[PDB]
């Protein structure tokens, strides 16, 4: 089994980021709900700012001009044309910019979750591979669920020390 370096998981249906473990009892795939919730809250804020800061107060009617008011006719059209150019360009570039940042933010949340687990595992696992730790001790299904909920010590420190010189 591989982590995020080798691509996304179609199995995970309950969240955006999470965990896939394998021990002698078999394998488990669950979303990490607190890194997913964080990311959902942030993207929700982003969307609400882009949508809700827009003012919907002013009206644009089609004004009428006589044939001897050509100049003010053009001035009116210039306001509309120049304002529309400002909105067309800024709205395109805003979305292009923020789309690039959103996809980088997801990548960065995944690497933050990985690094939070490398700090919990410490010398008890080899960081080698593919978004994946190889744990040097027997890690049963409640050892696993403590690596995930954060309640995990280095109890095992010396069961790994022996396995590591092997």
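Residue numbers count along the first chain shown, from 1.
- For the two regions 153-161 and 7-15, the entry's Cα B-factors average higher over 153-161.
- As listed in the deposited structure, the average C-alpha B-factor of 101-109 and of 130-138 is greater for 130-138.
- Across 123, 43, 29, 50, the entry's maximum B-factor at the CA atom is seen for 123.
- The top Cα temperature factor in the record, among 63, 34, 56, 119, falls on 119.
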